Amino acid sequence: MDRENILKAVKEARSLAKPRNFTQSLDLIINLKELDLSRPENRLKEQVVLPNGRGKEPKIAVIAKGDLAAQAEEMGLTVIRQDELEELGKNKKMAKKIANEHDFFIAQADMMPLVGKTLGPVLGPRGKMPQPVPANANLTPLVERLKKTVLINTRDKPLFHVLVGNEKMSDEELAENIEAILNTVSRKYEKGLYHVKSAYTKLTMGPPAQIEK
């Protein structure tokens, strides 16, 4: 899992991927070996800020009110104010829709029990429960980080995928994105990257090419 060998598997995944009428994204498949995923201390669940971003920007919703919601409308983010949160509670159709349409949710801190009550049946099963920020937080740092945030999640199984980017990125960029994920498996566990049995790269409709080591 050294650079020149990630760069090689990124290149072999591209070359083997028959071109399509959309920009295919590159997925990383990690196989974990020797770990007990019945103990939660061994389950990886991290937010990694990829250095080079993630291909298309993720849609972000801001459940707030006041200045914090004045900033998000300004940034062009989807704003769900308190009033609109109450109606969404009565309407499970419109609630599964906002959830399946946004990648990340940010809620104003004090609105979280009210989001727990109203949108909670939706986002919680979906894993999109909002990240709380102070009522006076500046959303610009936060939204910057989140535009390049993906989420490693083993749940209970020795296997996971993470998107590391798309076709329109260089091999070098996708190398440093994959290396940013691997450096995280390595940081968690004390034997390090010994728990990576095999690791593959793949385009959306490409074949998978394993990273040599």
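Counting begins at 1, following the sequence as shown.
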Entry-level comparison of average CA B-factors, 164-172 and 57-65, reporting the higher stretch: 164-172
Per the entry, higher mean C-alpha B factor between 148-156 and 176-184: 148-156
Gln71, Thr78, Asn136, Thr118, ranked by C-alpha B-factor: the highest one: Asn136
Candidate set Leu32, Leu37, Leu50, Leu28 [ranked by C-alpha B-factor, highest]: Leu37
Chain third (lowest, middle, highest) by recorded CA B-factor, residue given as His195: middle
Position of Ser15 among the chain's modelled residues by C-alpha B-factor, lowest, middle or highest third: highest
B-factor third for the C-alpha atom of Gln24 within its chain: middle
Among modelled residues of the same chain, the CA temperature factor third for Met111: lowest
Cα B factor band for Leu85 (lowest, middle or highest third within the chain): highest
